[PDB]
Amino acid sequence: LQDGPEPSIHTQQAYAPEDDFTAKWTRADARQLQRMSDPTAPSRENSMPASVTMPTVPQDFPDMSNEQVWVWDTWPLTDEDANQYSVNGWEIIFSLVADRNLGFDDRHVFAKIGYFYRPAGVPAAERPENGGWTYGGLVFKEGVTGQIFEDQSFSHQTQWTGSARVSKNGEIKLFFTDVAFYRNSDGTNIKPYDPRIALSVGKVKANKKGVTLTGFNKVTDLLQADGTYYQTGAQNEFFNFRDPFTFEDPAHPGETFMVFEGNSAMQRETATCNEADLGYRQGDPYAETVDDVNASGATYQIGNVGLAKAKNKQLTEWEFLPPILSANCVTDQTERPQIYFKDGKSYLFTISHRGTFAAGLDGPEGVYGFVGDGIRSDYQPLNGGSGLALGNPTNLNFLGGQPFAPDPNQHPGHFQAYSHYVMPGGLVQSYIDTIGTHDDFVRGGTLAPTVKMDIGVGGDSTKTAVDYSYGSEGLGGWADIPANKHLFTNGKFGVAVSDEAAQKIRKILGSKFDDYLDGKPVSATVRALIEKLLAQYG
């Protein structure tokens, strides 16, 4: 550690989901990122510790869609505990896609949700190099997603990041960010954009030849920024409000929650931070004053993580609750939040960019994490109070540049990965943004190799470490998003099953099982024979 302030005191103590307590990722916490950086690290080499740095991704990478589309933010098919499912032998993912003929940096306003699929049960090492996914095309018929907007005069209408919850019958509840923009020809707004948390329901239909999706022909408007808990466009034209992740808390069975990204609800130009946002221990020689921070520009960076509660079992109506984390005068962007439960702890993972850190603060692109004793708790940022769990390789001694303009002295993997998502067993999937040097770089738009992050090194709940023994010196399969659970359903009856169970099911049963899985009628005897067996593994 270089000299610098001590991190803040956090207790991890849990509050009721409905209470008005918000954890702070403080300036004292965030500055532990700079203290961890090696100030001797030469040009283009990593300065952060290897245990919290993602393994380096090669620049000569395969493309998952054979360049049919640009792919980025991706999510699996999950249940309420974030287990990942195949349905009738197919693994299924959802991804943000755009037309390949657009410049990569212009994909955002033309983003749509597509899906891929591949057969379950194949080890990463036995797939095609590129992960062996088949592109199934777009989820939504043209027009559908625009229908929730009153003002139909939008210049652009996109579908952004979300989550997908599967039922035992192959029904899918697709939670996603439904966005309208109202723009001028030069990248300037006629009025603030309008990002909404929404839901659309559909269903998987599968057979030997692949998966197709039915439904998704109607969208329900679930939440939009309120202005008391989450910042609105009236408070900030460039407000963040996106990325719903739903789950069940083991402490609160029978209820469904959701985390998402917002900003603290402050008026942009009069926004301020306080002593608690700064978070220094009394008498710490490296302490900042509230005055210096609020004069610095830092108050433009007020990202938060929101919590909402479902009001019915169909998850069609929701209620905001107070934010669970704020990063006031720390970062503008605590993106893609997820809650991951382990050893009785609630882990909050989140991603952020280097450029979105506030004045005086710095850190790598990637996964930042927090641990407490409940979903609303006085979270402790992982790894010595820093919050860094999985940073791209980064020389913090030199400027970060941008994915479209790398810095001459920066590590060529600085933007190698984004929109990281932590999967069961601490496997982490991500997409490649940019890999390479100032004078020799490429854009990705396809998934990186999946990596592995061990959570709770030693007995220490607050510590993580990258498993460099995984796959090839830390790198596993290209676009490997595996299912740990397996659905078998005819569309009405279904069961969830383990990897091993799945194996002997497919074996014990013969070709009539194929028809049953196809939704094709079988005899009442055969149906009963099949479902009685399925029930025994269920």
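When you see a residue number, it is the position in the sequence shown, counting from 1.
### Query
So 68 to 76 or 152 to 160, which one's hotter by mean CA B-factor in the entry?
It is 152 to 160.
### Query
Which has higher Cα B-factors on average according to the PDB entry: 185 to 193 or 376 to 384?
Mean CA B-factor is higher for 185 to 193.
### Task
Select one of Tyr286, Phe239, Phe216, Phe94: the residue whose C-alpha shows the highest B-factor in the crystal structure entry.
The record points to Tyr286.
### Query
Among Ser511, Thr56, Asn490, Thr26, where is the Cα temperature factor highest, going by the PDB entry?
Among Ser511, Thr56, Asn490, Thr26, the PDB entry lists the largest C-alpha B-factor for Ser511.
#### Entry: Chain-wide C-alpha B factor ranking for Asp38, given as lowest, middle or highest third
Middle third by C-alpha B-factor.
### Query
Within this chain, which third does the Cα B-factor at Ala483 fall in: lowest, middle or highest?
Tercile = lowest for this residue's CA B-factor.
### Task
Consider only the C-alpha atoms of the modelled residues in this chain, order them by B-factor as the entry records it, and name the third containing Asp362: lowest, middle or highest.
Bottom third by C-alpha B-factor.
### Task
Divide the modelled residues of the chain into thirds by Cα B-factor and specify which third, lowest, middle or highest, holds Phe247.
Answer is middle: the recorded C-alpha B-factor places it there.
### Query
Which third of the chain holds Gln267 when residues are ordered by C-alpha B factor: lowest, middle or highest?
Top third by C-alpha B-factor.
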